[PDB]
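Colleague: My structure is in my_file.pdb, and what it holds is PDB, C-alpha atoms and all ligand atoms:
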```
ATOM      1  CA  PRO A 347      73.829 -72.652 -35.064  1.00  0.00           C
ATOM      2  CA  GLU A 348      76.122 -74.875 -37.114  1.00  0.00           C
ATOM      3  CA  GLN A 349      73.192 -75.348 -39.498  1.00  0.00           C
ATOM      4  CA  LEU A 350      73.078 -71.593 -40.087  1.00  0.00           C
ATOM      5  CA  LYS A 351      76.680 -71.952 -41.260  1.00  0.00           C
ATOM      6  CA  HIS A 352      75.557 -74.418 -43.940  1.00  0.00           C
ATOM      7  CA  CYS A 353      72.790 -71.997 -44.940  1.00  0.00           C
ATOM      8  CA  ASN A 354      75.479 -69.412 -45.640  1.00  0.00           C
ATOM      9  CA  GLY A 355      77.137 -71.929 -47.958  1.00  0.00           C
ATOM     10  CA  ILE A 356      73.830 -72.575 -49.716  1.00  0.00           C
ATOM     11  CA  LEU A 357      73.310 -68.830 -50.146  1.00  0.00           C
ATOM     12  CA  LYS A 358      76.838 -68.465 -51.537  1.00  0.00           C
ATOM     13  CA  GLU A 359      76.020 -71.275 -53.975  1.00  0.00           C
ATOM     14  CA  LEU A 360      72.837 -69.616 -55.258  1.00  0.00           C
ATOM     15  CA  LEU A 361      74.741 -66.344 -55.791  1.00  0.00           C
ATOM     16  CA  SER A 362      77.635 -68.040 -57.610  1.00  0.00           C
ATOM     17  CA  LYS A 363      78.411 -67.710 -61.311  1.00  0.00           C
ATOM     18  CA  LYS A 364      77.516 -71.305 -62.230  1.00  0.00           C
ATOM     19  CA  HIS A 365      73.811 -70.506 -61.666  1.00  0.00           C
ATOM     20  CA  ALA A 366      73.819 -66.950 -63.034  1.00  0.00           C
ATOM     21  CA  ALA A 367      71.867 -67.879 -66.175  1.00  0.00           C
ATOM     22  CA  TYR A 368      68.734 -68.443 -64.061  1.00  0.00           C
ATOM     23  CA  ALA A 369      69.538 -66.705 -60.752  1.00  0.00           C
ATOM     24  CA  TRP A 370      70.069 -63.104 -61.886  1.00  0.00           C
ATOM     25  CA  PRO A 371      66.370 -62.022 -61.623  1.00  0.00           C
ATOM     26  CA  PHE A 372      66.516 -62.806 -57.873  1.00  0.00           C
ATOM     27  CA  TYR A 373      69.740 -60.951 -56.979  1.00  0.00           C
ATOM     28  CA  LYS A 374      67.946 -57.727 -55.995  1.00  0.00           C
ATOM     29  CA  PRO A 375      64.413 -56.706 -54.976  1.00  0.00           C
ATOM     30  CA  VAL A 376      61.839 -56.499 -57.748  1.00  0.00           C
ATOM     31  CA  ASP A 377      61.927 -52.869 -58.922  1.00  0.00           C
ATOM     32  CA  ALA A 378      58.275 -52.548 -59.904  1.00  0.00           C
ATOM     33  CA  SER A 379      58.669 -49.009 -61.272  1.00  0.00           C
ATOM     34  CA  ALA A 380      61.715 -49.815 -63.413  1.00  0.00           C
ATOM     35  CA  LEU A 381      60.010 -52.931 -64.803  1.00  0.00           C
ATOM     36  CA  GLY A 382      56.700 -51.188 -65.527  1.00  0.00           C
ATOM     37  CA  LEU A 383      54.613 -53.296 -63.127  1.00  0.00           C
ATOM     38  CA  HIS A 384      51.655 -51.266 -61.844  1.00  0.00           C
ATOM     39  CA  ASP A 385      50.319 -53.850 -59.368  1.00  0.00           C
ATOM     40  CA  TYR A 386      53.248 -55.925 -58.065  1.00  0.00           C
ATOM     41  CA  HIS A 387      53.130 -54.744 -54.442  1.00  0.00           C
ATOM     42  CA  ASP A 388      49.337 -55.101 -54.268  1.00  0.00           C
ATOM     43  CA  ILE A 389      49.715 -58.803 -55.115  1.00  0.00           C
ATOM     44  CA  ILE A 390      53.076 -59.458 -53.411  1.00  0.00           C
ATOM     45  CA  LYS A 391      52.739 -58.345 -49.778  1.00  0.00           C
ATOM     46  CA  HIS A 392      56.152 -59.629 -48.589  1.00  0.00           C
ATOM     47  CA  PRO A 393      58.838 -59.112 -51.254  1.00  0.00           C
ATOM     48  CA  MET A 394      62.022 -61.138 -50.920  1.00  0.00           C
ATOM     49  CA  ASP A 395      65.269 -61.584 -52.861  1.00  0.00           C
ATOM     50  CA  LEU A 396      68.723 -63.099 -52.445  1.00  0.00           C
ATOM     51  CA  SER A 397      70.342 -59.814 -51.362  1.00  0.00           C
ATOM     52  CA  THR A 398      67.748 -59.372 -48.618  1.00  0.00           C
ATOM     53  CA  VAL A 399      68.495 -62.920 -47.458  1.00  0.00           C
ATOM     54  CA  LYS A 400      72.214 -62.106 -47.421  1.00  0.00           C
ATOM     55  CA  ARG A 401      71.516 -58.956 -45.389  1.00  0.00           C
ATOM     56  CA  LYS A 402      69.379 -60.779 -42.821  1.00  0.00           C
ATOM     57  CA  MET A 403      72.026 -63.518 -42.808  1.00  0.00           C
ATOM     58  CA  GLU A 404      74.773 -61.038 -41.916  1.00  0.00           C
ATOM     59  CA  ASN A 405      72.655 -59.294 -39.260  1.00  0.00           C
ATOM     60  CA  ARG A 406      71.973 -62.634 -37.503  1.00  0.00           C
ATOM     61  CA  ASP A 407      68.238 -62.298 -38.201  1.00  0.00           C
ATOM     62  CA  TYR A 408      67.602 -66.022 -38.831  1.00  0.00           C
ATOM     63  CA  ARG A 409      67.202 -68.018 -35.621  1.00  0.00           C
ATOM     64  CA  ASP A 410      67.499 -71.368 -37.433  1.00  0.00           C
ATOM     65  CA  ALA A 411      67.813 -72.947 -40.867  1.00  0.00           C
ATOM     66  CA  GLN A 412      64.031 -73.241 -41.226  1.00  0.00           C
ATOM     67  CA  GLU A 413      63.597 -69.466 -40.990  1.00  0.00           C
ATOM     68  CA  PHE A 414      66.261 -69.122 -43.686  1.00  0.00           C
ATOM     69  CA  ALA A 415      64.532 -71.684 -45.908  1.00  0.00           C
ATOM     70  CA  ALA A 416      61.192 -69.931 -45.343  1.00  0.00           C
ATOM     71  CA  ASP A 417      62.585 -66.713 -46.821  1.00  0.00           C
ATOM     72  CA  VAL A 418      64.137 -68.444 -49.833  1.00  0.00           C
ATOM     73  CA  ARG A 419      60.853 -70.226 -50.556  1.00  0.00           C
ATOM     74  CA  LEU A 420      58.914 -66.984 -50.102  1.00  0.00           C
ATOM     75  CA  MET A 421      61.055 -65.491 -52.882  1.00  0.00           C
ATOM     76  CA  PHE A 422      60.084 -68.318 -55.241  1.00  0.00           C
ATOM     77  CA  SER A 423      56.431 -68.262 -54.161  1.00  0.00           C
ATOM     78  CA  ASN A 424      56.199 -64.551 -54.966  1.00  0.00           C
ATOM     79  CA  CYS A 425      57.449 -65.301 -58.471  1.00  0.00           C
ATOM     80  CA  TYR A 426      54.969 -68.159 -58.960  1.00  0.00           C
ATOM     81  CA  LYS A 427      52.168 -66.020 -57.509  1.00  0.00           C
ATOM     82  CA  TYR A 428      52.707 -62.946 -59.685  1.00  0.00           C
ATOM     83  CA  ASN A 429      53.606 -64.633 -62.974  1.00  0.00           C
ATOM     84  CA  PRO A 430      51.683 -67.139 -65.115  1.00  0.00           C
ATOM     85  CA  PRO A 431      53.189 -70.655 -65.166  1.00  0.00           C
ATOM     86  CA  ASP A 432      54.142 -70.344 -68.871  1.00  0.00           C
ATOM     87  CA  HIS A 433      56.329 -67.326 -68.148  1.00  0.00           C
ATOM     88  CA  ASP A 434      60.105 -67.513 -68.492  1.00  0.00           C
ATOM     89  CA  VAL A 435      61.034 -66.023 -65.102  1.00  0.00           C
ATOM     90  CA  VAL A 436      59.062 -68.905 -63.582  1.00  0.00           C
ATOM     91  CA  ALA A 437      61.199 -71.424 -65.467  1.00  0.00           C
ATOM     92  CA  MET A 438      64.306 -69.747 -64.038  1.00  0.00           C
ATOM     93  CA  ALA A 439      62.738 -69.836 -60.569  1.00  0.00           C
ATOM     94  CA  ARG A 440      62.125 -73.584 -60.848  1.00  0.00           C
ATOM     95  CA  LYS A 441      65.738 -74.253 -61.859  1.00  0.00           C
ATOM     96  CA  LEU A 442      67.093 -72.205 -58.961  1.00  0.00           C
ATOM     97  CA  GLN A 443      64.606 -73.720 -56.503  1.00  0.00           C
ATOM     98  CA  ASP A 444      65.679 -77.176 -57.682  1.00  0.00           C
ATOM     99  CA  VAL A 445      69.253 -76.205 -56.766  1.00  0.00           C
ATOM    100  CA  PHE A 446      68.176 -74.838 -53.378  1.00  0.00           C
ATOM    101  CA  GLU A 447      65.985 -77.829 -52.499  1.00  0.00           C
ATOM    102  CA  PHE A 448      68.867 -80.171 -53.355  1.00  0.00           C
ATOM    103  CA  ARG A 449      71.362 -78.335 -51.134  1.00  0.00           C
ATOM    104  CA  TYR A 450      68.864 -77.839 -48.306  1.00  0.00           C
ATOM    105  CA  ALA A 451      67.969 -81.544 -48.360  1.00  0.00           C
ATOM    106  CA  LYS A 452      71.644 -82.642 -48.160  1.00  0.00           C
ATOM    107  CA  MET A 453      71.920 -80.569 -44.940  1.00  0.00           C
ATOM    108  CA  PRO A 454      72.741 -82.422 -41.660  1.00  0.00           C
TER     109      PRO A 454
HETATM  110  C1  LIG B 501      58.844 -57.445 -66.511  1.00  0.00           C
HETATM  111  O1  LIG B 501      58.628 -58.010 -65.197  1.00  0.00           O
HETATM  112  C2  LIG B 501      57.752 -59.005 -65.127  1.00  0.00           C
HETATM  113  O2  LIG B 501      56.888 -59.188 -65.943  1.00  0.00           O
HETATM  114  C3  LIG B 501      57.974 -59.866 -63.913  1.00  0.00           C
HETATM  115  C4  LIG B 501      59.453 -60.067 -63.600  1.00  0.00           C
HETATM  116  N1  LIG B 501      60.091 -60.783 -64.709  1.00  0.00           N
HETATM  117  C5  LIG B 501      61.369 -60.840 -64.762  1.00  0.00           C
HETATM  118  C6  LIG B 501      61.982 -61.599 -65.884  1.00  0.00           C
HETATM  119  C7  LIG B 501      63.203 -62.250 -65.717  1.00  0.00           C
HETATM  120  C8  LIG B 501      63.797 -62.970 -66.759  1.00  0.00           C
HETATM  121  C9  LIG B 501      63.199 -63.067 -67.999  1.00  0.00           C
HETATM  122  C10 LIG B 501      61.979 -62.423 -68.185  1.00  0.00           C
HETATM  123  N2  LIG B 501      61.159 -62.346 -69.290  1.00  0.00           N
HETATM  124  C11 LIG B 501      60.062 -61.590 -68.974  1.00  0.00           C
HETATM  125  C12 LIG B 501      60.143 -61.172 -67.679  1.00  0.00           C
HETATM  126  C13 LIG B 501      61.364 -61.694 -67.147  1.00  0.00           C
HETATM  127  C14 LIG B 501      62.247 -60.129 -63.792  1.00  0.00           C
HETATM  128  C15 LIG B 501      63.325 -59.392 -64.300  1.00  0.00           C
HETATM  129  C16 LIG B 501      64.174 -58.710 -63.444  1.00  0.00           C
HETATM  130  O3  LIG B 501      65.225 -57.996 -63.953  1.00  0.00           O
HETATM  131  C17 LIG B 501      66.100 -57.365 -63.028  1.00  0.00           C
HETATM  132  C18 LIG B 501      63.970 -58.743 -62.075  1.00  0.00           C
HETATM  133  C19 LIG B 501      62.910 -59.454 -61.549  1.00  0.00           C
HETATM  134  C20 LIG B 501      62.066 -60.170 -62.389  1.00  0.00           C
HETATM  135  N3  LIG B 501      60.961 -60.857 -61.796  1.00  0.00           N
HETATM  136  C21 LIG B 501      60.825 -61.598 -60.629  1.00  0.00           C
HETATM  137  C22 LIG B 501      61.953 -61.901 -59.716  1.00  0.00           C
HETATM  138  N4  LIG B 501      59.582 -61.980 -60.489  1.00  0.00           N
HETATM  139  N5  LIG B 501      58.858 -61.480 -61.583  1.00  0.00           N
HETATM  140  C23 LIG B 501      59.698 -60.797 -62.324  1.00  0.00           C
END
```
Write the structure described by the file as structure tokens, please.
Modeller:
Amino acid sequence: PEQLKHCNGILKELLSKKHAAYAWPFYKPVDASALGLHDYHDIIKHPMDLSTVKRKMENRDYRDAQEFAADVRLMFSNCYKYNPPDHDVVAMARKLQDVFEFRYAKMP
């Protein structure tokens, strides 16, 4: 359960201001209506975002660090799945995932 404590620090890091230039699209769930996407939920069956991870973090919904990392990676996979690789939101996702993978790897 000490490793869940480190996951909270990783989540705080992703939500911090130093990464805001490429983390802001993942703060909240994809609002398909507001963005004009007519097919997002037919392609993405399990939406995920940083605020959902924070909510499940606070409600003790992650049994271990690997369940936490599975949700963070699901959020990036949804982005890679829905968007073409040339798209800009994908480039932001890769930067933020590179931050996450670095912090998750440095975990005891
Ligand atoms: C217009 O929406 C899209 O084409 C997809 C969308 N792009 C983006 C997006 C994010 C940043 C630069 C962008 N340029 C074109 C699309 C795009 C997006 C924007 C948001 O604003 C609150 C929230 C979520 C996303 N997002 C995520 C996450 N995964 N795909 C997207």
Colleague: I'd like the contact shell of residue 426 in chain A - 12 Å cut-off, all atoms listed in the file, skipping same-chain residues fewer than 3 positions apart - returned as a VMD selection string.
Modeller: chain A and resid 389 to 390 419 to 423 429 to 440 443
Colleague: Can you pull out every residue with an atom within 6 Å of ligand LIG 501 (chain B)? Use only C-alpha atoms and all ligand atoms and format it as a ChimeraX atom specification.
Modeller: /A:371-372,376,381,425,434-435
Colleague: With C-alpha atoms retained, could you export that selection as a tab-separated table (two decimals), in the coordinates of the input?
Modeller:
```tsv
chain	number	residue	atom	x	y	z
A	371	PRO	CA	66.37	-62.02	-61.62
A	372	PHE	CA	66.52	-62.81	-57.87
A	376	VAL	CA	61.84	-56.50	-57.75
A	381	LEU	CA	60.01	-52.93	-64.80
A	425	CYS	CA	57.45	-65.30	-58.47
A	434	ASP	CA	60.10	-67.51	-68.49
A	435	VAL	CA	61.03	-66.02	-65.10
```
Colleague: For residue 409 in chain A, work out the shell of residues within 10 Å, counting all atoms listed in the file and skipping chain neighbours fewer than 6 positions away, then give it as a list in words.
Modeller: residues 347, 350 and 403 of chain A
Colleague: Selected by the PyMOL selection byres (((chain A and resi 368) around 8) and not hetatm) in the shown coordinates: which residues, as JSON, numbers by chain?
Modeller: {"A": [365, 366, 367, 369, 370, 371, 438, 439, 441, 442]}
Colleague: For residue 427 in chain A, which residue among A:392, A:361, A:353, A:348 is the nearest when counting all atoms listed in the file?
Modeller: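 Result for the nearest residue to residue 427 in chain A: A:392.
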Colleague: May I have the residues within 10 Å of residue 356 in chain A as JSON, numbers by chain, using only C-alpha atoms and disregarding those fewer than 3 positions away in the same chain?
Modeller: {"A": [350, 351, 352, 353, 359, 360, 361, 362, 445, 446, 447, 448, 449, 450, 453]}
Colleague: Because the input lacks atoms here, generate N, CA, C and O atoms for range 428-448 of chain A and report them as a PDB file, keeping the file's coordinate frame.
Modeller:
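Below you can see part-v5.pdb, which holds the result:
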```pdb
ATOM      1  N   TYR A 428      52.912 -64.093 -58.808  1.00  0.00           N
ATOM      2  CA  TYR A 428      52.707 -62.946 -59.685  1.00  0.00           C
ATOM      3  C   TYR A 428      52.690 -63.334 -61.158  1.00  0.00           C
ATOM      4  O   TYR A 428      51.965 -62.717 -61.946  1.00  0.00           O
ATOM      5  N   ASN A 429      53.476 -64.352 -61.553  1.00  0.00           N
ATOM      6  CA  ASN A 429      53.606 -64.633 -62.974  1.00  0.00           C
ATOM      7  C   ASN A 429      52.786 -65.855 -63.376  1.00  0.00           C
ATOM      8  O   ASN A 429      52.549 -66.749 -62.558  1.00  0.00           O
ATOM      9  N   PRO A 430      52.331 -65.915 -64.634  1.00  0.00           N
ATOM     10  CA  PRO A 430      51.683 -67.139 -65.115  1.00  0.00           C
ATOM     11  C   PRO A 430      52.689 -68.272 -65.224  1.00  0.00           C
ATOM     12  O   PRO A 430      53.897 -68.031 -65.383  1.00  0.00           O
ATOM     13  N   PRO A 431      52.234 -69.527 -65.143  1.00  0.00           N
ATOM     14  CA  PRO A 431      53.189 -70.655 -65.166  1.00  0.00           C
ATOM     15  C   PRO A 431      53.983 -70.780 -66.456  1.00  0.00           C
ATOM     16  O   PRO A 431      55.100 -71.322 -66.432  1.00  0.00           O
ATOM     17  N   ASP A 432      53.449 -70.297 -67.587  1.00  0.00           N
ATOM     18  CA  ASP A 432      54.142 -70.344 -68.871  1.00  0.00           C
ATOM     19  C   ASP A 432      55.273 -69.331 -68.959  1.00  0.00           C
ATOM     20  O   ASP A 432      56.081 -69.403 -69.894  1.00  0.00           O
ATOM     21  N   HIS A 433      55.364 -68.403 -68.012  1.00  0.00           N
ATOM     22  CA  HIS A 433      56.329 -67.326 -68.148  1.00  0.00           C
ATOM     23  C   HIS A 433      57.758 -67.804 -67.895  1.00  0.00           C
ATOM     24  O   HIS A 433      58.011 -68.773 -67.182  1.00  0.00           O
ATOM     25  N   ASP A 434      58.707 -67.088 -68.505  1.00  0.00           N
ATOM     26  CA  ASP A 434      60.105 -67.513 -68.492  1.00  0.00           C
ATOM     27  C   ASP A 434      60.757 -67.341 -67.126  1.00  0.00           C
ATOM     28  O   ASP A 434      61.562 -68.183 -66.717  1.00  0.00           O
ATOM     29  N   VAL A 435      60.466 -66.234 -66.431  1.00  0.00           N
ATOM     30  CA  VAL A 435      61.034 -66.023 -65.102  1.00  0.00           C
ATOM     31  C   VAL A 435      60.624 -67.145 -64.158  1.00  0.00           C
ATOM     32  O   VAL A 435      61.343 -67.462 -63.205  1.00  0.00           O
ATOM     33  N   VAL A 436      59.476 -67.778 -64.412  1.00  0.00           N
ATOM     34  CA  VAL A 436      59.062 -68.905 -63.582  1.00  0.00           C
ATOM     35  C   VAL A 436      59.944 -70.116 -63.855  1.00  0.00           C
ATOM     36  O   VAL A 436      60.295 -70.873 -62.940  1.00  0.00           O
ATOM     37  N   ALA A 437      60.315 -70.319 -65.120  1.00  0.00           N
ATOM     38  CA  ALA A 437      61.199 -71.424 -65.467  1.00  0.00           C
ATOM     39  C   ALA A 437      62.574 -71.250 -64.833  1.00  0.00           C
ATOM     40  O   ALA A 437      63.194 -72.228 -64.401  1.00  0.00           O
ATOM     41  N   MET A 438      63.070 -70.011 -64.770  1.00  0.00           N
ATOM     42  CA  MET A 438      64.306 -69.747 -64.038  1.00  0.00           C
ATOM     43  C   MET A 438      64.126 -70.022 -62.550  1.00  0.00           C
ATOM     44  O   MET A 438      65.008 -70.600 -61.905  1.00  0.00           O
ATOM     45  N   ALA A 439      62.984 -69.615 -61.990  1.00  0.00           N
ATOM     46  CA  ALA A 439      62.738 -69.836 -60.569  1.00  0.00           C
ATOM     47  C   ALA A 439      62.737 -71.321 -60.234  1.00  0.00           C
ATOM     48  O   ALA A 439      63.251 -71.726 -59.186  1.00  0.00           O
ATOM     49  N   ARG A 440      62.167 -72.150 -61.114  1.00  0.00           N
ATOM     50  CA  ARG A 440      62.125 -73.584 -60.848  1.00  0.00           C
ATOM     51  C   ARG A 440      63.520 -74.198 -60.883  1.00  0.00           C
ATOM     52  O   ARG A 440      63.840 -75.064 -60.060  1.00  0.00           O
ATOM     53  N   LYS A 441      64.362 -73.768 -61.826  1.00  0.00           N
ATOM     54  CA  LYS A 441      65.738 -74.253 -61.859  1.00  0.00           C
ATOM     55  C   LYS A 441      66.469 -73.899 -60.572  1.00  0.00           C
ATOM     56  O   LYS A 441      67.097 -74.756 -59.941  1.00  0.00           O
ATOM     57  N   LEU A 442      66.389 -72.631 -60.164  1.00  0.00           N
ATOM     58  CA  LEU A 442      67.093 -72.205 -58.961  1.00  0.00           C
ATOM     59  C   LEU A 442      66.520 -72.871 -57.716  1.00  0.00           C
ATOM     60  O   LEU A 442      67.272 -73.255 -56.814  1.00  0.00           O
ATOM     61  N   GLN A 443      65.193 -73.025 -57.645  1.00  0.00           N
ATOM     62  CA  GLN A 443      64.606 -73.720 -56.503  1.00  0.00           C
ATOM     63  C   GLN A 443      65.039 -75.179 -56.468  1.00  0.00           C
ATOM     64  O   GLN A 443      65.238 -75.748 -55.389  1.00  0.00           O
ATOM     65  N   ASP A 444      65.194 -75.801 -57.639  1.00  0.00           N
ATOM     66  CA  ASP A 444      65.679 -77.176 -57.682  1.00  0.00           C
ATOM     67  C   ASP A 444      67.101 -77.275 -57.137  1.00  0.00           C
ATOM     68  O   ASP A 444      67.454 -78.274 -56.501  1.00  0.00           O
ATOM     69  N   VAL A 445      67.926 -76.251 -57.371  1.00  0.00           N
ATOM     70  CA  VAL A 445      69.253 -76.205 -56.766  1.00  0.00           C
ATOM     71  C   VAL A 445      69.139 -76.041 -55.255  1.00  0.00           C
ATOM     72  O   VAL A 445      69.789 -76.759 -54.487  1.00  0.00           O
ATOM     73  N   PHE A 446      68.312 -75.091 -54.808  1.00  0.00           N
ATOM     74  CA  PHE A 446      68.176 -74.838 -53.378  1.00  0.00           C
ATOM     75  C   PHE A 446      67.641 -76.062 -52.644  1.00  0.00           C
ATOM     76  O   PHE A 446      68.177 -76.456 -51.601  1.00  0.00           O
ATOM     77  N   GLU A 447      66.575 -76.673 -53.169  1.00  0.00           N
ATOM     78  CA  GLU A 447      65.985 -77.829 -52.499  1.00  0.00           C
ATOM     79  C   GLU A 447      66.983 -78.975 -52.389  1.00  0.00           C
ATOM     80  O   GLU A 447      66.994 -79.706 -51.391  1.00  0.00           O
ATOM     81  N   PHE A 448      67.835 -79.141 -53.404  1.00  0.00           N
ATOM     82  CA  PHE A 448      68.867 -80.171 -53.355  1.00  0.00           C
ATOM     83  C   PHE A 448      69.870 -79.895 -52.239  1.00  0.00           C
ATOM     84  O   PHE A 448      70.187 -80.785 -51.442  1.00  0.00           O
TER      85      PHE A 448
END
```
